[PDB]
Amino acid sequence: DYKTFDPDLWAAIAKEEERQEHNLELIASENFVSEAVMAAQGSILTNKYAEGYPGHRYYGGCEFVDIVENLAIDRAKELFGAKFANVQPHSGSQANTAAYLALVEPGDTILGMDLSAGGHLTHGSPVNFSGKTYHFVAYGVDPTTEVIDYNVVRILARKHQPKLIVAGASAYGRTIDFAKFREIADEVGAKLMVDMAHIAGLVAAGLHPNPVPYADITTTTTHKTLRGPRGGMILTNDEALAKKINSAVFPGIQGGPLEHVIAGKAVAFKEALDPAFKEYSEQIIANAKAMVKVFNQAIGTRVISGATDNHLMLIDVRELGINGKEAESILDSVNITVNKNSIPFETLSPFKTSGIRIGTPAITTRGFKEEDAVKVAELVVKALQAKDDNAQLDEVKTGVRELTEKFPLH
């Protein structure tokens, strides 16, 4: 009805609904939120200005909005065991901005994971506030094993004497050893920040070591393996840092929080407290390992580091005569969505790349089991091996159609 007033906009949204139904979303950072999360974001909480924190707002009328924000704070403390939580960051980027503000001064030396090795842009990129505002020195992975070499990180720390070490990654498929990062931080007098955005759901399910007891500050997004709305979060066990975090978020770098999004965070956090969430997260990892077993035994799809401990994998496609941008293009043509992704010691442009990144949280949410993940990896292999044999790309398109129809959305 209101769609009559703006048919162009609602038409685009309908096509996007259909695109999400008909494609296999293998983007490691995406998911499908519940009906309840979307209803919270579609609520009248968008109308409320609520600057400040629960019980000490700068506006009238927040007495019931404060319940929502307290639910999100307290469910985060329950899920992750943090003594303090801040649920107002608009995004992972704002969450990391405020975490740095609470820990270091502009120009300070910070050790963070290199982008090609799998770090995030906010872990030290020169085109990002992180690299522009602080002096970042990168660590990476070993060139042969493609996992983090903790003794190399240790050497780097003692050489550079950073005020802060950042751990966490956008494209690292192996377990991060937070105990060792804390060990190294302590040796050089540095604080430790962990960005668990990608693994937060796995951490909540007890399937990846929990960084919260080790890190001075833990940041996260709410929309990856946690399966919540797009937004950020900051955790800490230190009451003094909690006060600095809160001031840094507001009035430091934000104004009004998005209380409708925060309600969706509260919704998603109770979903994650349900025993069914542990089974979901278990299935994410099983599906991912199943998929890595297929790629390991295929010709020309080299799995970075040869294994996965979590939800994602990086695939080196150099053996196939293509770069990551071309691989992403082939797979889109058959309704399989991935992203081109730099690989350790990447030699091509960050917009060409030698690889693609694949993750299983979204298809697992659709209901894929181990057998279905194997099928996806085989269609991916077939499409990249089909050096443009139209007959084969069309078989793959059919295999995708078969899978989406067996696992429709709500």
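A residue's number is simply how far along the shown sequence it sits, counting from 1.
- Look at the C-alpha B-factors of 195-203 and of 285-293. On average they run higher in 285-293.
- Remark: stretch with higher mean C-alpha B factor among 306-314 and 255-263 is 306-314.
- Highest CA B-factor among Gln385, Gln41, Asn31, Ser34, as stated in the entry: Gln385.
- Within the group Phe351, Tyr49, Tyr53, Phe64, the record's highest C-alpha temperature factor is found at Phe351.
- Among the modelled residues of its chain, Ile245 has a C-alpha B-factor that falls in the lowest third, as given in the PDB entry.
- In the PDB entry, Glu69 places in the lowest third of its chain by CA B-factor.
- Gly232 sits in the lowest third of its chain by CA B factor, as recorded in the PDB entry.
- When the modelled residues of the chain are ordered by C-alpha B-factor, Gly131 sits in the middle third.
- Compared with the other modelled residues of the chain, the Cα B-factor recorded for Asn86 ranks in the lowest third.
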